[PDB]
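Asker: Respectively, the protein sequence lines represent chains A and B. Residue numbers for the first sequence, in the deposited numbering: 67 to 482. Residue numbers for the second sequence, in the deposited numbering: 69 to 482.
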Amino acid sequence: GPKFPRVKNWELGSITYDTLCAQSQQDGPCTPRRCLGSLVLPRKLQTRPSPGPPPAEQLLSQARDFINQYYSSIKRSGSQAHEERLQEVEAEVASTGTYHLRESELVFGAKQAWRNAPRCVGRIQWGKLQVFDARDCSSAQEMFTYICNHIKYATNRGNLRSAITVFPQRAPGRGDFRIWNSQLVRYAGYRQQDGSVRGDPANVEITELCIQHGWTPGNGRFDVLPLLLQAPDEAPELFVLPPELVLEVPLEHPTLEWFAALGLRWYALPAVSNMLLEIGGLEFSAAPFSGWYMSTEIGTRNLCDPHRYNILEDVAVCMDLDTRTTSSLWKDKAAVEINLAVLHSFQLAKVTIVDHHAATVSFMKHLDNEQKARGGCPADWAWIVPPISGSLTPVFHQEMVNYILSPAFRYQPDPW
Amino acid sequence: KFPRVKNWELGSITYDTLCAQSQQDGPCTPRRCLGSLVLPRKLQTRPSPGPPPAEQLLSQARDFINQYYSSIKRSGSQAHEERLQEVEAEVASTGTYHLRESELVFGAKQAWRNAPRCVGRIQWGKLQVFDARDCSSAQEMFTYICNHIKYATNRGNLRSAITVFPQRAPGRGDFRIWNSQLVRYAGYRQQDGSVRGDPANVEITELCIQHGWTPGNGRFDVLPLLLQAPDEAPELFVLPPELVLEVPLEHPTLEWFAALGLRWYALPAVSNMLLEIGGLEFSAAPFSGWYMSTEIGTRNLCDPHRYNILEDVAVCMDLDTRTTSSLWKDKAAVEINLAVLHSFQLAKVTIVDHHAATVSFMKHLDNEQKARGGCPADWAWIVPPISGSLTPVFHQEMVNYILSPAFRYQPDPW
Ligand code: HEM
Ligand code: HEM
Ligand SMILES: NC(=[NH2+])NCCC[C@H](N)C(=O)O
Ligand SMILES: [Zn+2]
C-alpha cells in the first residue's frame, strides 16, 4: 500500500499512514540496526555551543525552508511577497551572516515548535499560545522584568494561560542570553552531611550554583530557588522571585485527613527555561515557555520517583500498607492516592490542572486533527503514555511515529 | 557507534556493544522511529515454496553452529569443524539442513534470551525443550501439545517449556497451530455487535465453529485447538478439561468481587510465533512460562477491546465514575490486579507481580551486560501497563535490536 509508515490503533482497530514524517530534515538516533527511542538525551538535536558563525549555506537553506513554511501557512506560497521575503533573507544573510524574523514569523515559528514537540501531550492547545516578544531585552535586569511579567500573565491567579517569552537570538561571536535554571520555578536541593538530600534532588547542582553566586540558602524541603540570569558576555546575575508572584498549592487528600499533615506542596506554573527554540536556523537560547500541569507530572514523577522526593514509602506507611512485600501493591495504592491528592488540591485552590485521563483523551483528538491537517503527528510513545495507569488511557493503544520537525525546541548544553 | 545507555534512577552508564552483532533490520531509520509499532510492516516471514539462497542460509547456519560450539567451550575443535562440513554438505546438496537435538535445545533457549519484549528472561536458562520433529499428523501434534500442557502446568507449580514441531520445508505446507495460544477463551459475536467472552478471539472462535465445533455461550469457554499438518485442512481437537488449570478470581477484602464470576487460565502458551534457528524456521513451536499479574489484571481484564471490566468493578466499589479526575479507573485497576495475585496465590498457582518481575529483569540486564556486553530490550513492552514509573525498568534506557536465534511473527495460516 502507501509507502509511508502504517500506524494502527489497537483499541479501535483503525489504521492511518504518516506522510508528514516525509518532511523531516533532521535525523533522529535510530537506524535499521537498532532502536534508540528510549534514550532521554540522544546526541542528535544537541545544540552544542557553535561559536564560529553557522555555514551561510546551511543557514540559508534552513531559512528558506522556514520562510516557505510561513508563506504556505498564510496561503501566499509563490506570491510576490513570498519571493521578496526570500530575497530579503538571502540579502541580509549575505552581508551580515545572519538574519531576523518579522514579528508574525516569530509567532508562527514559536507555535509550530510547540506543535512539533513529540513529547508534549498538551499539544491540542498549540494554537492558543501567547507569544511575548522580548527581542529588545539588553540586560539581565530586564530579563528578570520580562520573566516576572511572563509569570504574572501565565499564572493569572490560578486560571493559567500558555505563554512563551522570546529573548534575543544567538549572534556570531557574541555571548548568548541564558537562563541557568531549568525551570522558572524550582525547589532547592540541599546536600546533607550524610550524603542524602533535603528538598528536590534534581536541583542540587543549580542550588549550589546559586549559593556560589551569592544566594543565602534556606534549609527547607520546598524553598523556591532564585534565578541566575545571564546577558551576553556577562557573569550571571541573581534574582529572587517576589513570593507573591509564585503561586503554590498545599496538598491535601479528599478523604485521608492526615495527608495534609505531611506538609507537601507544589507550584502551579510549569515553566521550562533551559531549552533552545530553533526557527529557520536562528537559535533562541533563552525562550522560557509555560502551560499548566498534567497531574502525574507532580503526583507520580516529581513526588514518587526514586531520585526525586521519593515519598511512596512514607505515604504507604501512613496508609498502613505492607511495604515488606511487592505483591501487596503498596506502591500502586500509595501512588494513586498521591495523584488524587494533587488533583483534589489544585481543584480546591482553583488552579488549572488536567488529570492523565482527560489529557490523553484530548491528545487523541489532537492526533485526529493533525492527521487531517498535516497527515500525521510526531509523537514519542514513551513520553506520551502516563507514568501510572498507562494502558487505562487511550494513547497506550495508539502506535506512534517519532521524528524531528522544525521549528523545534531542543536541549542545549548547560552554560557553566 | 555503540550507544551510551543510562539509568536515570541510579545515574549509572553502560555501553551496548552486543547490538553490533545484529544482522537483521528493524523498522526504524534516522528519519523516523517506529518502535511503538506492534507488528512488522515488511519484517514479516514470507512463504517458503522455494529454497532460500544457499549462501544466505549457509551464512546463517555457520554463524549459529559457531554460537553453539562457543557455548560448550569447544570452538575450533575437531567436532566443530566436522559439524560445519556436515551443514555445508547438506545445504549444497539439498538446499536445507537439519539440527541435532543438542543444537535445537541451545537454539530455543537463545531465542528466548534474545526476545526484546520478554521481561521474564532471567529464567532463560531453565527451559524444558521438547523435540517434536518426529511428528507427521495433526493428531500427533495434539498428543505432544497435551503432554506439553501437563508438564508445564505441573499442578500449579508451572515450569517453562517449548515443543518444537517439524521445520518449514521448500514448496511444502507448514505445520501450524491456528490458535494464538494453547488456552484461550471464546469470543461470540452477538445481535447488537457486542461480544460475549474474549473479543480478541472472535475470528478464531468462528473458524472453530466453521470446522465442526459446537459452541458454548459463556464468557469463559475454553476454545478447542485447530492443528494443521502440511497441506491439509486444519483438524479440531478438544482439550481435556482436567488438563486446563483455571483460577477463580476473588478479592482479599472485597467479598463481592468473587460474585463477578471472573476467572483466568494458569498457563500462558503462545503458539502462533515462528522460531528461527540458524536460518531454519519452525512454524509451530508453542512455548509457555507463567503469568505476570498485569497481563491478566490489567490488559486481559481491563483493556477497552478485551473484557473491559473497569466500570463494572468501579460501580461495585461505588466509585465516582462521573468524572475522570476521581481516578476511579486507577483505583479499580489496582484492586483487580490485587485480586489476580491473591487468587493465584490462594490456588497455589505460579504468578509474579510486576514489581518483582521488573526487579528480576534489572538483574538480568546486569547479568547480560557482563556476559554479552548488552541486552536487546523493548522499553514499551518491558515497562508494565500500570504503575510504570513505580518500577525500576521505567528509569532504565534500553536498546532494541534483533538477534538470532529469534521468535518472530508470521502470517495467519488462513
Ligand atoms: C497547555 C498545557 C500543557 C500540558 C498539559 C503539557 C504537558 C506536557 C507533558 C506531560 C510533558 C512531558 C513531561 C515530562 O515527562 O517531563 C511535556 C513535554 C514538553 N512540552 Fe508540554 N504541555 C503543555 C504546554 C506546553 C507549552 C506551552 C510548550 C511550548 C510552547 C510545551 C512544550 C513541551 C516540550 C518541548 C516538551 C518536551 C521537553 C523535554 O524534552 O524534556 N508544552 N508537556
Ligand atoms: C517464565 C515466565 C515468563 C514471564 C513472567 C514472561 C513475561 C512476558 C511478558 C509480560 C511479555 C509481554 C506480554 C504482552 O504484553 O503481551 C512477554 C513477551 C514475550 N515472551 Fe515472555 N515471559 C515468560 C516466559 C517466556 C518463555 C519461556 C518464552 C520463550 C521460550 C518467552 C518468550 C517471549 C516472547 C517471544 C515474547 C514476545 C511475544 C510477542 O511479541 O507478542 N517468554 N513475556
Ligand atoms: N507471561 C507470559 N508468558 N506471557 C505471554 C503472553 C500472554 C498474554 N499477555 C496473555 O495475556 O495471555
Ligand atoms: Zn526507534
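We put the CB at the ideal spot given by N, CA and C, even for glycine.
Residues of the region 161-183 of chain B in Cβ contact with chain A at a cutoff of 7 Å, in chain order, please.
Answerer: none
Asker: Verify the contact flag: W449(A), CB atom, against every heavy atom of ligand 1, threshold strictly below 7 Å.
Answerer: Against the first sequence, residue 449(A) aligns to sequence position 383. True, at least one ligand heavy atom lies under 7 Å from that Cβ.
Asker: Name the DSSP beta bridge partners of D380(A), please?
Answerer: On the first sequence, residue 380(A) is found 314 positions in, with the first residue counted as 1. According to DSSP, which records beta bridges pairwise, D380(A) is partnered with nothing at all.
Asker: Give a yes or no on whether the minimum CB-CB distance between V106(B) and chain A is below 8 Å.
Answerer: Sequence index remark: in the second sequence, residue 106(B) carries index 38 (1-based). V106(B) counts as touching chain A.
Asker: Let's see if you can read the secondary structure: which residues bound the alpha helix (DSSP H) around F132(B)?
Answerer: Along the second sequence, one-based indexing puts residue 132(B) at 64. It spans 122-139 - the alpha helix (DSSP H) in which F132(B) sits, taken as one unbroken run.
Asker: Going by beta-carbon coordinates alone, are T282(B) and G255(B) separated by less than 8 Å?
Answerer: Position 214 of the second sequence, counted from the start, is the residue given in the question as residue 282(B). Position 187 of the second sequence, counted from the start, is the residue given in the question as residue 255(B). Not a contact, by the Cβ cut-off of 8 Å.
Asker: Taking the C-alpha atoms as reference points, what is the distance between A382(A) and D388(A)?
Answerer: For the purposes of this step, residue 382(A) is taken as residue 316 along the first sequence, with counting starting at 1. For the purposes of this step, residue 388(A) is taken as residue 322 along the first sequence, with counting starting at 1. Using only the alpha carbons, I get a separation of about 8 Å.
Asker: My understanding is that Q196(A) touches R227(A), with C-beta atoms under 8 Å, so please give their C-beta distance in whole angstroms.
Answerer: Against the first sequence, residue 196(A) aligns to sequence position 130. Against the first sequence, residue 227(A) aligns to sequence position 161. Yes, they are in contact, since the Cβ atoms of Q196(A) and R227(A) sit about 6 Å apart, within 8 Å.
Asker: Assuming the contact rule is C-beta atoms closer than 8 Å, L295(B) and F210(B) should be a hit. Round their C-beta distance to whole Å, please.
Answerer: For the purposes of this step, residue 295(B) is taken as residue 227 along the second sequence, with counting starting at 1. For the purposes of this step, residue 210(B) is taken as residue 142 along the second sequence, with counting starting at 1. Confirmed, about 6 Å.
Asker: Following the continuous beta strand (DSSP E) through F412(A), name the residue where it begins and the one where it ends.
Answerer: As a working mapping, residue 412(A) is identified with position 346 in the first sequence. Segment 396-414 is the alpha helix (DSSP H) holding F412(A); no beta strand (DSSP E) there.
Asker: So that I know if they touch, is there some Cβ in chain A lying closer than 8 Å to that of residue 489(B)?
Answerer: Outside the modelled stretch of chain B, which goes from 69 to 482, sits residue 489(B), for which no answer is possible.
Asker: Bridge partners of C101(A), per DSSP?
Answerer: Numbered from 1 along the first sequence, position 35 holds the residue referred to as residue 101(A). According to DSSP, which records beta bridges pairwise, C101(A) is partnered with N468(B).
Asker: In the DSSP assignment, find the alpha helix (DSSP H) that holds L152(B) and state where it starts and stops.
Answerer: By one-based count along the second sequence, residue 152(B) stands at place 84. Note, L152(B): alpha helix (DSSP H), 146-162.
Asker: For the alpha helix (DSSP H) holding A424(A), just list the boundary residues, first then last.
Answerer: Walking along the first sequence from the start, residue 424(A) turns up at place 358. Where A424(A) is concerned, the enclosing alpha helix (DSSP H) stretches over 422-440.
Asker: Can you find a C-beta in chain A that's less than 8 Å from the C-beta of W447(B)?
Answerer: Here the question's residue 447(B) lines up with position 379 in the second sequence. Chain A, which has a Cβ nearer than 8 Å to the Cβ of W447(B), makes this yes.
Asker: Are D84(A) and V451(A) touching if we call contact CB-CB under 8 Å?
Answerer: To locate residue 84(A), count along the first sequence from 1; it is residue 18. To locate residue 451(A), count along the first sequence from 1; it is residue 385. Contact flag unset, no.
Asker: In terms of DSSP beta bridges, what is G265(B) paired with?
Answerer: Mapped onto the second sequence, residue 265(B) falls at position 197. DSSP output for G265(B) lists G255(B) as bridge partner(s).
Asker: In whole angstroms, what separates the C-alpha of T231(A) from that of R440(A)?
Answerer: Walking along the first sequence from the start, residue 231(A) turns up at place 165. Walking along the first sequence from the start, residue 440(A) turns up at place 374. Approximately 27 Å, taken between the alpha carbons.
Asker: Report yes if the C-beta of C186(A) is less than 7 Å from at least one heavy atom of ligand 1; otherwise report no.
Answerer: Taking the first residue of the first sequence as 1, we reach residue 186(A) at position 120. Yes, the Cβ of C186(A) comes within 7 Å of a heavy atom of ligand 1.
Asker: Compare the beta carbon distance of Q207(B) and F350(B) with 8 Å and say whether it is the shorter of the two.
Answerer: Indexing the second sequence from 1 puts residue 207(B) at position 139. Indexing the second sequence from 1 puts residue 350(B) at position 282. For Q207(B) and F350(B), no; Cβs fall outside 8 Å.
Asker: Is the region 325-336 of chain A in contact with the region 113-120 of chain A, if contact means three or more CB pairs nearer than 8 Å?
Answerer: no
Asker: Any C-beta of chain B sitting closer than 8 Å to the C-beta of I454(A)?
Answerer: For the purposes of this step, residue 454(A) is identified with residue 388 of the first sequence, where counting begins at 1. Output row for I454(A): interface = yes.
Asker: Is the CB of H423(A) under 8 Å away from at least one CB in chain B?
Answerer: Translated into the one-based positions of the first sequence, residue 423(A) becomes position 357. Closer than 8 Å to some Cβ of chain B, the Cβ of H423(A) qualifies, so yes.
Asker: Contact between the region 178-197 of chain B and the region 355-364 of chain B is defined here as three or more beta-carbon pairs at a separation below 8 Å; is this criterion met?
Answerer: Contact between the region 178-197 of chain B and the region 355-364 of chain B is present: three or more C-beta pairs spanning the two stretches fall below 8 Å.
Asker: For the alpha helix (DSSP H) containing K218(A), name the first residue and the last one.
Answerer: Numbered from its first residue, the first sequence carries residue 218(A) at position 152. 206-221 is the span of the alpha helix (DSSP H), which, as asked, contains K218(A).
Asker: Among the candidates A425(A), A160(A), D266(A), whose CA atom is the shortest distance from the CA of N368(A)?
Answerer: Translated into the one-based positions of the first sequence, residue 368(A) becomes position 302. Ranking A425(A), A160(A), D266(A) by Cα distance to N368(A) puts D266(A) first.
Asker: Is the CB-CB distance between residue 48(B) and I470(B) below 8 Å?
Answerer: With chain B running from 69 to 482 in the structure shown, residue 48(B) is simply not present.
Asker: Leaving aside the five residues before and after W482(B) along the sequence, list all residues of the same chain whose C-beta is less than 8 Å from its C-beta, in chain order.
Answerer: Along the second sequence, read from residue 1 onward, the residue named residue 482(B) stands at position 414. Here the set comprises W246, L275.
Asker: Please tell me whether, using a cut-off of 7 Å, the distance from the CB of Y359(B) to the nearest non-hydrogen atom of ligand 3 is below it.
Answerer: Reading the second sequence from its first residue, position 291 is the one you call residue 359(B). At least one heavy atom of ligand 3 is nearer than 7 Å to the Cβ of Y359(B), so yes.
Asker: Quick one: which chain B residues come within Cβ less than 7 Å of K397(A)?
Answerer: Position 331 of the first sequence holds residue 397(A). Ordered by position in chain B, the residues that pass the 7 Å Cβ test against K397(A) are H423, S455, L458.
Asker: Against chain A, does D93(B) count as a neighbour if the rule is that its beta carbon must be under 8 Å from one of theirs?
Answerer: Taking the second sequence and counting its residues from 1, one reaches residue 93(B) at position 25. Yes, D93(B) lies at the interface with chain A (some Cβ there is under 8 Å from its Cβ).
Asker: Where DSSP assigns a beta bridge to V290(B), which residues make up the other side?
Answerer: Counting from one through the second sequence, the residue named residue 290(B) turns up at place 222. Per DSSP, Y253(B).
Asker: Would you mind listing the alpha helix (DSSP H) stretches within the region 287-367 of chain B that are 4+ residues and don't spill past its ends, in chain order?
Answerer: none
Asker: Could you tell me which chain B residues have their CB closer than 8 Å to the CB of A401(A), listed as they occur along the chain?
Answerer: Here the question's residue 401(A) lines up with position 335 in the first sequence. What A401(A) touches in chain B: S455, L458.
Asker: Kindly indicate the opening and closing residues of the beta strand (DSSP E) around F462(B).
Answerer: Here residue 462(B) corresponds to residue number 394 of the second sequence, with the count starting at 1. Note, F462(B): premise wrong, no beta strand (DSSP E); not H, not E.
Asker: Quick one, are the C-beta atoms of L304(B) and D380(B) less than 8 Å apart?
Answerer: In the second sequence, counting from the first residue as 1, residue 304(B) sits at position 236. In the second sequence, counting from the first residue as 1, residue 380(B) sits at position 312. Not closer than 8 Å, so no.
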